[PDB]
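Okay, so here's just one chain, in structure tokens, the form solved without the named molecule.
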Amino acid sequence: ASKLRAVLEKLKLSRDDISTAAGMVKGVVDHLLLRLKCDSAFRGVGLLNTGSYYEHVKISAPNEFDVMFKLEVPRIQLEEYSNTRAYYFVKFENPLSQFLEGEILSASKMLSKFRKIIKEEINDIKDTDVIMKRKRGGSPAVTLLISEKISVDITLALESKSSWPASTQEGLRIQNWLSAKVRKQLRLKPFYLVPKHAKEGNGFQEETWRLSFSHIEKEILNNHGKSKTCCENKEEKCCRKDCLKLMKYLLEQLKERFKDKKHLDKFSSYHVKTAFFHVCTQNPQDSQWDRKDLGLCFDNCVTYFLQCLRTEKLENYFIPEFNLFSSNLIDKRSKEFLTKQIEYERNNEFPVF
């Protein structure tokens, strides 16, 4: 399976060029947090306990960073929006009162202050040239260009240390893979809520918030083996992380080839990551992920993704009644098209690589 390992080798030696870039990101991020912490409403702002400032959503694009700011909201009350099991109105004199539209927490008012505070603060930046970058349109993040080289998306999330919403009751089916002990410990961690956008497959603007468990995703990815010592020695170097990379890259490359067509606009690394986690769940033994079976394992990842497309069924991994592939969200023609692109790619030993 030399081609896949070739591709990987390329992706990795590229992940080193500007990690002086990450150094810049960290400095900007810290100035911003200190500025945001001056405002009474945002005093509890901070990074997620993930052991990192940033992540790379796009593995094609090392210079694009993703950052999350968390804001704890104690004693939070959620109202589930219309049977969509992932979107919620937030309800509860505290400083957050200024973001109330009536009874509910308004995302657009909070983001409004957030952008303005940030936008003024990079005008006085004086570390390196940092400019903002507007949206055409609609996104919840904030995007900065550092040194006309490095981009950072900043997402603001609400943190709740309450127990997880009922819609997750039957989620995170990792019992036969990681232990049920691990599941229990995982669900004791906080959960997060982010502004939906670009786009919601709705709207355009109700003030609902979407659940996020990207901190839980990260933790399983770094502790992903049946064996407590998976990937910690030369004898147990599995290919689970490599398959996710290849899948993310496969989607990205196809999204590039059809850049100015629109058929793949609604597909992202979240679908790939979600399918991947299902495959992990279905193939729980480390021996099913032996480094020497890189080709087979990837093929499984691909054929599992294809079945999801064909059957329009991709369950959110934490929220099982949320279908990322329902016709309500992605049109069938779009899935049919991605199916064909992907079948083509499998049949030809992956030319996009």
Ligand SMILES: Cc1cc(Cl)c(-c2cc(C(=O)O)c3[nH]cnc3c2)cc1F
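Only the largest set of C-alpha atoms that superpose within 1.5 Å between the two forms is called the rigid core. Numbers for residues come from their place in the sequence shown, where the first is 1.
Keep in mind that the form solved in complex with the named molecule is not shown, yet the notes after this line are about it.
TODO: Among 94 to 102, 72 to 80, 120 to 128, 217 to 225, mark the stretch whose residues have heavy atoms within 4.5 Å of the named molecule in the entry with it bound.
DONE: Correct option: 217 to 225.
Open item on the list: Please determine whether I146 contacts the named molecule in the entry with it bound, using a 4.5 Å cut-off between heavy atoms.
Closed with: Close contact is absent here: in the entry with it bound, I146 is far from the named molecule, nothing within 4.5 Å, heavy atoms only.
Task: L211: touches the named molecule in the entry with it bound, heavy atom cutoff 4.5 angstroms - done: It does: once the named molecule is placed as it appears in the entry with it bound, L211 has a heavy atom within 4.5 Å of it.
- [ ] Using the partner position in the entry with it bound, report whether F305 sits within 4.5 Å of the named molecule, counting heavy atoms only.
- [x] Answer no; every heavy atom of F305 is more than 4.5 Å from the named molecule in the entry with it bound.
Open item on the list: Whether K26 contacts the named molecule in the entry with it bound should be assessed with a 4.5 Å heavy atom distance threshold; does it?
Closed with: Taking the distances in the entry with it bound, the answer for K26 is no, it never comes within 4.5 Å of the named molecule.
Task: Residue among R183, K245, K273, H263 with a heavy atom within 4.5 Å of the named molecule in the entry with it bound - done: None of the other options qualify; the answer is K273.
TODO: Go through 304 to 334 residue by residue and record those having a heavy atom within 4.5 Å of the named molecule in the entry with it bound; state none if no residue qualifies.
DONE: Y317, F318, in sequence order.
Open item on the list: If I align on the rigid core, exactly one of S147, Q185, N176, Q282 should have its C-alpha move by 2 Å or more between this form and the one not shown; which residue is that?
Closed with: With the rigid core fitted, the residue that moves is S147.
Open item on the list: Aligning on the core only, does the CA of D17 end up 2 angstroms or more away between this form and the one not shown?
Closed with: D17 C-alpha, core-superposed: shift of 2 Å or more.
- [ ] Superpose on the rigid core, then tell me if the C-alpha of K126 is displaced by 2 angstroms or more between this form and the one not shown.
- [x] Yes, the C-alpha moves 2 Å or more.
- [ ] Kindly check if the Cα atom of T303 is displaced 2 angstroms or more between this form and the one not shown relative to the superposed rigid core.
- [x] For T303, whose C-alpha is compared between this form and the one not shown after core superposition, the shift is less than 2 Å.
Open item on the list: Between the shown chain and the other structure, the Cα gap of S212 to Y54 differs by 3 Å or more. Is it closer or farther in the entry with it bound?
Closed with: They are farther apart; the C-alpha distance rises by 3 Å or more in the entry with it bound.
Task: Sense of CA distance change between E256 and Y54 in the entry with it bound, threshold 3 Å - done: It is farther: in the entry with it bound, the C-alpha atoms of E256 and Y54 lie at least 3 Å more apart than they do here.
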